[PDB]
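Before any questions on binding or motion, here is one chain by itself as structure tokens, the form deposited in one PDB entry.
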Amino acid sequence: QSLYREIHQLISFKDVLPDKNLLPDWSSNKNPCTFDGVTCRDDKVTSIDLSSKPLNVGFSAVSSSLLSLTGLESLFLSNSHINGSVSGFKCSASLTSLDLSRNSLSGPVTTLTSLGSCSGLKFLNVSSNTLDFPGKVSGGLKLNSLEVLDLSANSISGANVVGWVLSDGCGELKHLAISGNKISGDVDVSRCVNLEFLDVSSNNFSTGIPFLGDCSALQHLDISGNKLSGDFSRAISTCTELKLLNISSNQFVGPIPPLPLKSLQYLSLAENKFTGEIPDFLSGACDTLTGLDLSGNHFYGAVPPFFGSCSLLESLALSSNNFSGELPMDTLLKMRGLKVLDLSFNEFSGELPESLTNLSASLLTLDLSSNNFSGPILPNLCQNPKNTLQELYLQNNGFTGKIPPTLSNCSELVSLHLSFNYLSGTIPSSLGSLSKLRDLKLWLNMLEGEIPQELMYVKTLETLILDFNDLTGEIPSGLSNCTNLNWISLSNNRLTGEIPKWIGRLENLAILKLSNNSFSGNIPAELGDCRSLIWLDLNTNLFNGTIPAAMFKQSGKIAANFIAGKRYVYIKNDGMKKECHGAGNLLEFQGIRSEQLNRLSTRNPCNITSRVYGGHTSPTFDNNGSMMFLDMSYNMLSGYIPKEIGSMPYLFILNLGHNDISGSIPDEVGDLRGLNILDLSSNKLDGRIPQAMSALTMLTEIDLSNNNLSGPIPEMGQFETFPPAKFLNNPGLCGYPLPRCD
């Protein structure tokens, strides 16, 4: 092709982009073979990659300019903010690959039929777009020369759409993916005798199992994420070359059927309803098996013994079934290659046999959490130098004794989780030597002593959770160093001192919970210098002085994102037990069983009966930024409520009860439109209930009793919804639910 042709083809494209600074070095009177994003061979344009650039233009621009370029052999416009839809066009016979993934291409999937113009196209990738389906299957895709086709993450909902894609032939198709859609029906790829890859995962398949025919070439089969309930073994029995089988997250039942093991490297039956015990016939895969996942089923028994021959198994996931017995380590030690071991949420029992130290050198994750082990945590653990182990999850078990200080020898450790045990002693100071550790969790134990000062040596620390222990002393000054700390929780201990003013230096602190301790002193106004704080719980303590009007400055300019994605539990306080205090207890809960929350009965008066909320952390705002939680009840605070309290929109809860807080309820409280709970009881508040609070349309719990309030209760809003008890012991008050104002 003439150089003249090439340059004009490419600059015409630039000259239709809203922002021409996206192709700043694309200029006329310049060989396009020097442009960023262009690839040439022998001075001729052969490929263009403009991915991840917000081109912000419609497909019609690409078809006329780029796809028309004679000689172009590949075009990559992934996440290039392309929109519009496909249509007929002149396609150079040279083009063999076209990647339009992660764009806004729209319209029915039948528009892709016009890509047949590209007589030589073999790789099409329109994933992560918004192409839908007409409604009734009508004809066929008719791109029968393709070898690779990805239609995943579109908006395709239909029946037998697969039959439509392969209607006119798939003799060349080696790779097919249509995951992330809502496609249901039957999958018949038996004529695609060359198919090696088939991903129909996360669809709406609920009837028959895909028909693979001779299945002579298939190496990768992923039908996970549907509602399949069929005899998949019969369909995959002829598959000689299968290397990966992912059927997880379906409605499968019964024991493990026979499987073709000759080539199997990965095998996941997880998140189904398989019963029974791990068959012995699965030994046939130990020659090839690299990853096994049987989690989230109803298997029982113990780790079979033939797993020693599985010398290649890099990961063993067996969690959330009903496996019992002592740690079958006599087998684990032959697993030279094991790097992830997850036996959590079963009923494995017994102590930790001594020979686990040898495996700590090969492993990267050990998860024995939520089982029934017991005895001391092996001190010698991580004696074998070069311990590459990164994650140690031993929580929710029956382990006892001091926390081994040898755990500092695992110098690559990144998360230590020994919560929900019966460990005594102190918190080892050598943990400060864990330079990379980011998560330290030891709550619900019997850990006496003080919080190690040597934690200052941990620059990576992000979460420190030591609730429900016998910890004492003051808050170590050394935590000021842990700049990345975003979740500190020290509730139900005997800690003392004041909140250090250096708490403000933590621009990443989001959750700070110090309830049921013996802290004291005026509330630090420096908390107002916390750019991430959304959860401040200080109930049941001896804090005094007034309340810093400065602590609410960050309202509106918070951005809490580090915190998203962590399992937790919130336990709502009933108004029954007077001993129970505070709005509720937010408590980290990664890898612990909710069924063992009964343990807290010995430390907590709260009657935790069907009042446990959970899930994974999910902050409402991204950068809007306001504090969501704020409890400070059962302290000795006094003074007047600053009008700055009403500056927190995303505030759900607000508990200031059982204090000495005086003055009139600021009229800004009504600006807390998210407020579901508002407690100000047992105080010295006087004046009237500002009519502005009738703007609060989401209040589900409210308590203003035992105060000096006087006057009428707003006839507007949710005040009539609540009972009298929430207003009693305020003689000056009147109005429904109280008596009318005589």
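For the two forms, the rigid core is made up of the largest set of C-alpha atoms that agree within 1.5 Å on superposition. Numbers follow the displayed sequence, beginning with 1.
**Student:** Among the other compared PDB entries, is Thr609 dropped in a third or more?
**Tutor:** Yes, left without coordinates in at least a third.
**Student:** For the stretches 180 to 188 and 660 to 668, which has the higher mean C-alpha B-factor as given in the deposited record?
**Tutor:** That would be 660 to 668.
**Student:** Using the B-factors recorded in the PDB entry, average over the C-alpha atoms of 675 to 683 and of 42 to 50, then report which stretch comes out higher.
**Tutor:** According to the entry, 675 to 683 carries the higher average C-alpha B-factor.
**Student:** Highest recorded C-alpha temperature factor, please, choosing from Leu733, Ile11, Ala725, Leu17.
**Tutor:** Of the options given, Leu733 has the highest CA B-factor in the PDB entry.
**Student:** In this PDB entry, which of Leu121, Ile547, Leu195, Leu261 has the top CA B-factor?
**Tutor:** If I rank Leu121, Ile547, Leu195, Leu261 by C-alpha B-factor, first place goes to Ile547.
**Student:** Ordered by C-alpha B-factor within the chain, which third holds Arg102? Give me lowest, middle or highest, please.
**Tutor:** Bottom third by C-alpha B-factor.
**Student:** Sort the modelled residues of this chain by their C-alpha B factor and say whether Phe373 lands in the lowest, middle or highest third.
**Tutor:** As the PDB entry reports it, the C-alpha B-factor of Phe373 lands in the highest third of its chain.
**Student:** Please place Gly208 in the lowest, middle or highest third of its chain by C-alpha B factor as given in the entry.
**Tutor:** Within its chain, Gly208 is a middle-third residue by C-alpha B-factor, going by the deposited values.
**Student:** Would the CA B-factor of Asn708 place it in the lowest, middle or highest third of its chain?
**Tutor:** As the PDB entry reports it, the C-alpha B-factor of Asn708 lands in the highest third of its chain.
**Student:** Quick check for you: using the entry's CA B-factors within this chain, is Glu354 in the lowest, middle or highest third?
**Tutor:** According to the entry, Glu354 has a C-alpha B-factor in the chain's highest third.
From this point on, the text means the form deposited in another entry, which you will not see here.
**Student:** Where among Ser647, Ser309, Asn481, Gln390 does the Cα move by 2 Å or more between the shown form and the other one after the core is superposed?
**Tutor:** Single hit from the list, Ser309.
**Student:** Compare the position of the CA of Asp470 between the shown form and the other one after a rigid core fit and state whether the shift reaches 2 Å.
**Tutor:** It does not, since the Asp470 C-alpha is displaced less than 2 Å between the shown form and the other one after the core fit.
**Student:** For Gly284, is the CA shift between the shown form and the other one at least 2 Å following rigid-core superposition?
**Tutor:** Yes: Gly284 shifts by at least 2 Å between the shown form and the other one.
**Student:** If the CA atoms of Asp287 and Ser248 move by 3 Å or more in the other form, do they move toward each other or away, so closer or farther than here?
**Tutor:** Compared with this form, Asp287 and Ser248 lie closer in the other form.
**Student:** Work out the direction of the Cα-Cα change for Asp287 and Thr275 in the other form: closer or farther than in this form? It's 3 angstroms or more.
**Tutor:** Closer, not farther.
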